[PDB]
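In: Sequence and experimental coordinates follow.
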Amino acid sequence: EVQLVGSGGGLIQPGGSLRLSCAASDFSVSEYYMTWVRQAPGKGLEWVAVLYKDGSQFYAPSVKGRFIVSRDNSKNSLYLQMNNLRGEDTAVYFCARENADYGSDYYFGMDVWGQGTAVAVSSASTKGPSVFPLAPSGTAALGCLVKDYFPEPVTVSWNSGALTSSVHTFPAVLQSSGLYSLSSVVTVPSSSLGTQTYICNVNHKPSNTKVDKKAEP
Amino acid sequence: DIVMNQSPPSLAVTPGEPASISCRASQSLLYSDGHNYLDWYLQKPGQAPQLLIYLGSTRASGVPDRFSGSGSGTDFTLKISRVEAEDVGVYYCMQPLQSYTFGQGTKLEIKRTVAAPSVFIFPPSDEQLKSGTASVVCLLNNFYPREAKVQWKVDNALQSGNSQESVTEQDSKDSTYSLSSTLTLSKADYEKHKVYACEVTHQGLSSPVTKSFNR
Amino acid sequence: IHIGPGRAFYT
């Protein structure tokens, strides 16, 4: 499988620096033009940096002289060193393989993208979430309450990725406390209630917290 | 300083109907090499953008027949001949000629019949009460259209500025929505009452619907 | 040969 998987990122105080990683599979990051595209919360797509196979580097004006695009020929990785971070930088960063060589004529668009890693510039310290069970009783519904955390994102799944269909993880809501909070739910048959383990796996990267909660009647 | 202008911001389409999104550039994305340098990308909710069409008019490997890109010079059009429930998301156009710039984006929505919500109410966990807070959670599962009234009533006496909602993105299988409303109370106030109720009005319901419980 | 970001800046 050909893909980009990126990592790093998380919460980082204003002014601080931060390195985003991104690693190729089944192609060489040294053999394609590579790009970094970000997306501010709610807002749309903004290009940030490009690194050409033909050595060179260029940056969007908004960041130029704070970000740096490096690759590693041996680690097969693309990097985005981000220095002196303003809040205007908090967004989701996507590295992408621009399948093009202007040398020859050919061009084939942003061929491959990464899953996208989140960066949050903020004064405030992290806080990991409390998880509480949402308990049930044709078909029935159960869920998890993921209260009081910061910053976004938090990732929820059920039975370690097994249970997908009928699942609904809601957008986080901002609470009066400055802290985010969400809920995730599944609808299942009332019959498999007495006989099926339903555990939701909450994972909050920047607070290093990781919870598996057994929702039961 | 090429600027792209996408039209419209949003459009609703019934599966089977055609759709047609427009991108308009500040300058000509026609290059002296005899090619049109403009792309079309789909960003399905909570995913990375996926390429649809490069070089103004050439569909990428894997993209369905139904997607076609046309245009030249400075005016361009992405067209879906027959929309499917799963074409829902946001469509962006990008030019890779002068820097890299994107359209404002275009939210594609599916139209479908009315769907009434099935409703669930969740009393606060014992685990959470042992922490001085009480969250009463209410689920509206798989309904259409998107608008719905959720009214909390404690000891039959409704609240205000007391709850808050969150709504899923339109599902890509059945083009439905789902909704969470959350009544947050102090552990204090929560013991002071016995019946908690969740009253939802919605287009797919003849008369309103309540789900409730007892302490 | 790369004067800037984009196809338009390749000599």
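Out: On my side now, so go ahead. Residues are numbered from 1 along each chain as shown, chains lettered A, B, ... in the order given.

In: Give me the spatial nearest neighbour of the residue most central in space within chain C, chain neighbours excluded.
Out: Central residue of chain C (CA atoms, centre = their mean): residue C:9, 2.2 Å from the mean position. Leaving aside its sequence neighbours, residue C:9 sits nearest to residue C:3 (CB to CB, 6 or more residues apart in numbering or on different chains; 4.4 Å). No exception for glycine: its C-beta is placed from N, CA and C like everyone else's.

In: Check residue B:215 too.
Out: Nearest residue to residue B:215, sequence neighbours excluded (CB to CB, 6+ apart): residue B:194, at 5.1 Å.

In: What of residue B:69?
Out: Excluding its sequence neighbours, the residue lying closest to residue B:69 (CB to CB, 6+ apart) is residue B:53, at 3.8 Å.

In: Let me see the domain layout of chain A.
Out: When chain A is parsed with curated CATH domains, its domains come out as A:1-123, A:124-217.

In: Out of these, which gets nearest to chain B?
Out: Shortest distance between chain B and the domains of chain A, using CB to the nearest CB, is found for domain A:1-123: 3.3 Å.

In: And the helix or strand harbouring the residue nearest to residue B:69, what does it pack against?
Out: Element membership for residue B:53 (DSSP states H and E) is strand B:50-54. Secondary-structure packing of strand B:50-54 (3 or more CB pairs under 8 Å, 6 or more residues apart in numbering or on different chains; DSSP states H and E): strand A:107-113, strand B:39-43, strand B:67-72.

In: thought residue B:91 was touching residue B:40?
Out: Yes: at 6.6 Å, residue B:91 counts as touching residue B:40 under the criterion of CB atoms under 8 Å.

In: Hmm, residue A:30 is touching residue A:52, no?
Out: No: assessed by CB under 8 Å, residue A:30 is found out of contact with residue A:52, at 10.8 Å.

In: and those two? which has more neighbours close in?
Out: With neighbours defined as other CB atoms under 10 Å in any protein chain shown, residue A:30 and residue A:52 compare such that residue A:52 has more, 22 against 15.

In: Show the contacting residues for the more buried one.
Out: Residue A:52 makes contact with A:33, C:2, according to CB atoms under 8 Å, 6 or more residues apart in numbering or on different chains.

In: How about the one 3 residues further on?
Out: With contacts defined as CB under 8 Å, 6+ apart, residue A:55 is in contact with residue C:2.

In: Give the helix, strand or coil label for the closest residue to chain B within chain C.
Out: Of chain C, the residue with the smallest distance to chain B, taken as CB to the nearest CB, is residue C:8 at 4.5 Å. Of the three states, residue C:8 takes helix under DSSP: H, G, I helix; E, B strand; the rest coil.

In: can I assume it is in contact with residue B:30?
Out: No: look at residue C:8 against residue B:30 with CB under 8 Å: they stay out of range, at 10.9 Å.

In: which residues are common contacts for the two?
Out: Going by CB under 8 Å, 6+ apart, residues that sit against residue C:8 and also against residue B:30 are residue B:37.

In: quick revisit: please report how far the residue of chain C closest to chain B lies from residue B:25.
Out: Applying CB to CB, to the nearest Å, the value for residue C:8 to residue B:25 is 12 Å.

In: Looking at the two, which is more packed in?
Out: Each of residue C:8 and residue B:25 has its neighbours counted (other CB under 10 Å); residue B:25 has more, 24 against 19.

In: Could I get the contacting residues of that one?
Out: The contact partners of residue B:25, taken as CB under 8 Å, 6+ apart, are B:2, B:3, B:4, B:5, B:38, B:74, B:75, B:76, B:95.

In: List only buried entries from these.
Out: Buried subset of the contacts of residue B:25 (neighbour count, 16 or more other CB atoms under 10 Å in any protein chain shown): B:2, B:4, B:38, B:74, B:76, B:95.

In: of the residues you listed, list those near chain A.
Out: Judged by CB under 8 Å from any CB of the partner chain, the overlap between those and the neighbourhood of chain A is nil.

In: and of the residues you listed, the nearest to residue B:13?
Out: Of all the buried ones among the contacts of residue B:25, residue B:76 has the smallest distance to residue B:13: 19.1 Å, by CB to CB.

In: So in terms of bridging, what pairs with the residue nearest to the spatial centre of chain A?
Out: Residue closest to the mean C-alpha point of chain A, counted by CA atoms, centre = their mean, is residue A:117 at 3.6 Å. When bridges are called by DSSP bridges, residue A:117 pairs up with residue A:93.

In: now swap in residue B:108 and tell me
Out: Residue B:108 has these beta-bridge partners by DSSP bridges: residue B:11, residue B:89.

In: Isn't it up against residue B:86?
Out: No: with contacts counted by CB under 8 Å, residue B:108 stays clear of residue B:86, the gap being 10.5 Å.

In: So which of those two has more stuff around it?
Out: Taking neighbours as other CB under 10 Å, residue B:108 and residue B:86 compare with residue B:108 leading, 19 against 14.

In: OK, contacts around the more buried one?
Out: The contact partners of residue B:108, by CB under 8 Å, 6+ apart, come to B:10, B:11, B:13, B:19, B:21, B:83, B:87, B:88, B:89, B:90, B:91.

In: Quick check: the fourth one vs chain A, distance?
Out: To tie it back to what came earlier, the one meant is residue B:19. According to CB to the nearest CB, to the nearest Å, residue B:19 stands 19 Å off from chain A.

In: Please name the bridge partners of that residue.
Out: Taking DSSP bridges as the rule, residue B:19 bridges to residue B:80.

In: Touching, it and residue B:80? I think so.
Out: Yes: using CB under 8 Å, residue B:19 is in contact with residue B:80, at 4.7 Å.

In: any shared contact partners between the two?
Out: Common neighbours of residue B:19 and residue B:80 (CB under 8 Å, 6+ apart) are B:13, B:87.

In: rewinding a little: so the residue nearest to the centre of chain C makes contact with residue B:99?
Out: No: applying CB under 8 Å, one finds residue C:9 not in contact with residue B:99, separated by 9.0 Å.

In: Residue numbers of chain A in contact with chain C?
Out: Those residues of chain A that sit near chain C, judged by CB under 8 Å from any CB, are A:47, A:50, A:52, A:54, A:55, A:56, A:58, A:59, A:100, A:102, A:103, A:107.

In: Ramachandran coordinates for the fifth one?
Out: Translated: residue A:55. When read as degrees, to the nearest 10, the backbone of residue A:55 gives phi 60, psi -40.

In: What of the third one?
Out: When read as degrees, to the nearest 10, the backbone of residue A:52 gives phi -90, psi 150.

In: Minimum distance to chain C, which residue of chain B gives it?
Out: For chain B, CB to the nearest CB, closest residue to chain C: residue B:97, 4.5 Å.

In: ok, that residue - how many residues close by?
Out: Residues lying near residue B:97 (other CB under 10 Å) number 22.
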